[PDB]
Amino acid sequence: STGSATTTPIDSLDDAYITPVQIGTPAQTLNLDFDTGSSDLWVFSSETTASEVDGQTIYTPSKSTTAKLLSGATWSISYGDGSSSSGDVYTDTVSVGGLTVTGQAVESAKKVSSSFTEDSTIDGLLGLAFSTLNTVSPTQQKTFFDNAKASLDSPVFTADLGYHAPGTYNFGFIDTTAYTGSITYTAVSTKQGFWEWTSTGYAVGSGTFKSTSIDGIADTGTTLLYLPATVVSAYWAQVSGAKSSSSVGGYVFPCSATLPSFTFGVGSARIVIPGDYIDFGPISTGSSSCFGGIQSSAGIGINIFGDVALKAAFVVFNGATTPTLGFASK
């Protein structure tokens, strides 16, 4: 089997991407944030505190003939950005782009933090990291991909995120028409539950590539590219007027600037992030100062190849017995 679903930016800056997911019988379609940096599938629901719901589409398990309550199970998650959610647990039929999983854990939110409430476009998250990070208690549950794996033609999914445009999540096959050149594969560590790999280095604009190991995670659920302070400083030093602002909370630059590209290494291959991908717009409405899309990971504890980086590539998440990551230009 295979699945193929279009993923769409939630706003003009590609702050996140949403993908329609069918849940239950008859289908209830919710727009979820596919997150390769977490491992819970959770949704706004008929159980979410009413005052914490504002515009989202909710899952109503009592209207699904295939919903089953996982007795006594609970879940509770906290994300990098400090947002959180928690609730109880159902299993139900979940389909993504034609690919159906029966008995998928669907984590129903009783409570969500404000940043979730305040984002009317995201109805929940679908985690695609390793199931060892799943927060369901007392018994951890499997991700959509884990559950689907054995049925897929190939044990893979791919992310093809668009710059200011829709893209695609495929399950079970590699669309050889979706990238240029070849896919370069690189080793993954699952020791922290993430799609963790080691980049071979970077270049800033037309500068010569610096060979240096950068351990980090491929994370579709993080907007920006977060890298070591050395790397990030070298980048913004090439942008006139750029500086790190503690009050704004990162590197900012004049909105009139032409940003250089940023290159990261995948083995002996290279992925070039165009300068325009690194512009995340005015720091506030009407400001002539703009917020950078490459920021320091210092204080996070891990480097994160988020959307800014991933949308420059066609990315293979290879869930074979020994998992790997593949990157191609496109």
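Chain A residue numbers are taken from Swiss-Prot; in order, the displayed residues are 90-419.
Each residue, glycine too, has its Cβ placed from N, Cα and C.
Annotated domain 'Peptidase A1' per Swiss-Prot: 106-417, in sequence order, evidence recorded as sequence analysis. Residues annotated as active site in Swiss-Prot: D124, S288. Residues or ranges marked as disulfide bond by Swiss-Prot: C344-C379.
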Q | Candidate nearest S288 (active site) in space, where candidates are the recorded positions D124, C344, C379 and distance is Cα-Cα | A | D124
Q: Go through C344, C379, the listed disulfide-bonded residues, and name the one with the sparsest Cβ surroundings, counting other Cβ atoms within 10 Å.
A: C344
Q. How long is the line from the C-alpha of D124 (active site) to the C-alpha of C379 (disulfide bond), rounded to the nearest angstrom?
A. 26
